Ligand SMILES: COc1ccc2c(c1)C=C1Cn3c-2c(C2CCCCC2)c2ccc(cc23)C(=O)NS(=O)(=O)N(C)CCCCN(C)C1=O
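A single chain, nothing else alongside it, follows as structure tokens in the form solved without the named molecule.
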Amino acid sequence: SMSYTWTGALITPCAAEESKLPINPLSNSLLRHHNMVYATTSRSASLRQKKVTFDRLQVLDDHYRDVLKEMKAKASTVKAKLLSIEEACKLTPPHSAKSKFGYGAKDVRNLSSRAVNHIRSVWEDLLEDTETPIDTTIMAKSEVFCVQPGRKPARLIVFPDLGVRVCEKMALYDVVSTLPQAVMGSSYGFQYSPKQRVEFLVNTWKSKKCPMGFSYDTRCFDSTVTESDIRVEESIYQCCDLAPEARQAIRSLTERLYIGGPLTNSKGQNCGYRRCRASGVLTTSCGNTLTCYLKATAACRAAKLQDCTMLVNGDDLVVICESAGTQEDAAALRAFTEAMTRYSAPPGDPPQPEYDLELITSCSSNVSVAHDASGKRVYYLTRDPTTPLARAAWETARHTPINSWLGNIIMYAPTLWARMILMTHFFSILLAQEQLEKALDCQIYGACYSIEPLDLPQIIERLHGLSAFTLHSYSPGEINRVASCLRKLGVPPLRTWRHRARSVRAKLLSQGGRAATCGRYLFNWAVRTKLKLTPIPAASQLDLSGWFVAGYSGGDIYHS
């Protein structure tokens, strides 16, 4: 069936949208070529639509069916609990889209009478009406990017009302948090932290006689998901031991929301219908990971690749396996792509076999190596810095709910570009404005969190280790990239940052307390007469456990 159907009403913006980076003092400090940084707007919606509207093709074979039963089997060991309206509410973000029935995130969190009552009514309705499609809103997502040798058209987000959103949590939160791990095991990418991911990738790579690996990029994965996929995905869920209320709630959510439904723009007009994955639902991240895994796993048996190992994060896939030769490997990869195409997961960029792990990119990131004080090789997770910086620049000029930079510092603490530019730029500013105290919301795997800037040293040591404060002698590959990028975005050179960092460091050490800590470990790279960085007290006390369990992108989740 057609992924989407449009009535002709436009996808409209519920306010004014900014497309160009504003010229201000602070941002200009990070990067000069501001006219290269832009943000998507509903304006390009039409273009997106054309890219995602098409008629799917799907042919399931015995390998598909086989793997499904295999996955079903493990899922059947799971027992998911129901969530009280409280727990679910406590999980809703404060910025989350307000309800169209008279309440908002604020009220939902305050367990406000009006909110909780409507929520209660929506649940009751999911238990009674098993048919009626649930209404959803469509919006052109507004993200920041850098220009390229045109521009990326806005991404479309589909999401139900806050009422239906809380119920989803109640019926499926526990499910989408445990089930994936139980089903995919070592392959579930969200169970790992950057360091743990790197470890998994490097161990897998080494466990092979002669490694071969590739990243498979599906063309607009969501729109490729078919009504069959969603139903199959629900069947896995149905294997869990669930309360009747939840069993039915899930059954209803599947038929009324997940497999598809009506599209309403911000104005309130009917835009069309959806028959593919909705990006703004709780089951998006879990569902896409299950689906992608299912297809790829079966696709590897069809293509006859040997000893496949998958790493899946939603629609993001990377496979590592035993090579069979250059020629044979390209044939297998091609076979693989076709199998996946049959399964309704055609490629965007044709996959290319990789024999050098550092060259494989998944989750917009890759694996590289640097050295610690002792001088031994240390692998860490890194990525091209363009987007992070561009957004960083944008987040410096305008106030925005989420701070991609803070999240990036956290996830990329050990990288060259993260420590040299981001850490400096932002600490320098916070130091100026006197804001080191204020907490800031950010995101990890799609879930919002609230971190205090002055706690970064602890976070970084526990998630990466002390080496993240002393790495050096980065690969010539990584170095070239960073430099190439700064040159492109008009970002100040190495020396300029060192000088700036050298100054911030000083200003930080004078304030003492948690600040000196930041200045001591975070900017130790700047001073020549180094300092001995020892295990930080608060580090071995942080409950970062929950930070890396499952994915929630688009799932409207906030871990308080």
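Rigid core here is just the name for the largest C-alpha set that superposes within 1.5 Å across the two forms. Start at 1 with the first residue shown and count on from there.
Undergrad: Could you say which moves further from this form in 5 other deposited structures of this protein, stretch 471 to 479 or stretch 231 to 239, by root mean square CA distance after aligning on the core?
TA: Stretch with the larger root mean square C-alpha distance in 5 other deposited structures of this protein: 471 to 479.
Undergrad: As a check of understanding, is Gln541 unmodelled in at least a third of the other compared entries that model its flanking residues?
TA: Comparison shows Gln541 dropped in at least a third of the other entries.
Undergrad: Is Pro180 without coordinates in at least a third of the other compared PDB entries of this protein that model the residues flanking it?
TA: Modelled in all the others, so no.
Undergrad: I'd like to know the size of any gap between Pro149 and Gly150, counted in deposited residues with no coordinates: none, 1 to 3, 4 to 9, or 10 or more.
TA: Just 1 to 3 residues are missing between them.
Undergrad: Averaging only over Cα atoms, indicate whether 432 to 440 or 246 to 254 has the higher B-factor in the PDB entry.
TA: That would be 432 to 440.
Undergrad: Pick between 87 to 95 and 336 to 344: the one whose mean CA B-factor in the entry is higher.
TA: Comparing 87 to 95 with 336 to 344, the higher average CA B-factor belongs to 87 to 95.
Undergrad: Among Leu422, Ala373, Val166, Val78, which carries the highest Cα B-factor?
TA: Out of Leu422, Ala373, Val166, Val78, the record gives the largest C-alpha B-factor to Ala373.
Undergrad: From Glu328, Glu131, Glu124, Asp222, can you pick the one with the highest C-alpha B factor in the entry?
TA: Answer, based on the entry's C-alpha B-factors: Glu328.
Undergrad: Report the third (lowest, middle or highest) to which the CA temperature factor of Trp497 belongs, ranking only the modelled residues of the same chain.
TA: Middle third by C-alpha B-factor.
Undergrad: Quick one: classify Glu478 as lowest, middle or highest third of the chain based on its Cα B-factor.
TA: CA B-factor rank for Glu478: middle third.
Undergrad: Going by the recorded CA B-factors, say which third of the chain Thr470 sits in, lowest, middle or highest.
TA: Middle third by C-alpha B-factor.
Undergrad: Just say lowest, middle or highest third for the CA B-factor of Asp241 relative to the other modelled residues in its chain.
TA: For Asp241, whose C-alpha B-factor we compare with every modelled residue in the chain, the answer is the middle third.
Undergrad: Per the entry's values, where does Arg277 land by CA temperature factor relative to the rest of its chain, in the lowest, middle or highest third?
TA: For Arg277, whose C-alpha B-factor we compare with every modelled residue in the chain, the answer is the lowest third.
Below, we refer to the form solved in complex with the named molecule, which is not included among the displayed structures.
Undergrad: Taking the named molecule in the deposited complex and overlaying it onto this form via the surrounding C-alphas, would you call the pocket open or blocked, using 3+ ligand atoms within 2.4 Å of backbone or C-beta atoms as the cut?
TA: Blocked: when the named molecule is placed as it sits in the deposited complex, 3 or more of its atoms come within 2.4 Å of backbone or C-beta atoms.
Undergrad: Of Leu456, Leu83, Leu422, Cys240, which residue is found within 4.5 angstroms of the named molecule in the deposited complex when only non-hydrogen atoms are counted?
TA: That would be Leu422.
Undergrad: Go through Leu172, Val166, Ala299, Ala393 and name the one with a heavy atom inside 4.5 Å of the named molecule in the deposited complex.
TA: Selected residue: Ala393.
Undergrad: I'd like to check something about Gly490: if you look in the deposited complex, is any of its heavy atoms closer than or equal to 4.5 Å to a heavy atom of the named molecule?
TA: Flag for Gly490 set to yes.
Undergrad: With a cut-off of 4.5 Å between heavy atoms, is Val504 one of the residues that contacts the named molecule in the deposited complex?
TA: It does not: once the named molecule is placed as it appears in the deposited complex, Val504 has no heavy atom within 4.5 Å of it.
Undergrad: Should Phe426 be classed as touching the named molecule in the deposited complex when contacts are defined as heavy atoms within 4.5 Å?
TA: Yes, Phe426 lies within 4.5 Å of the named molecule in the deposited complex.
Undergrad: Just to confirm, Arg500 within 4.5 Å of the named molecule in the deposited complex by heavy atoms?
TA: Contact with the named molecule, yes.
Undergrad: Looking at heavy atoms inside 4.5 Å, which stretch does the named molecule contact in the deposited complex, given the options 511 to 519, 531 to 539, 64 to 72, 492 to 500?
TA: Going by heavy atoms within 4.5 Å, the stretch is 492 to 500.
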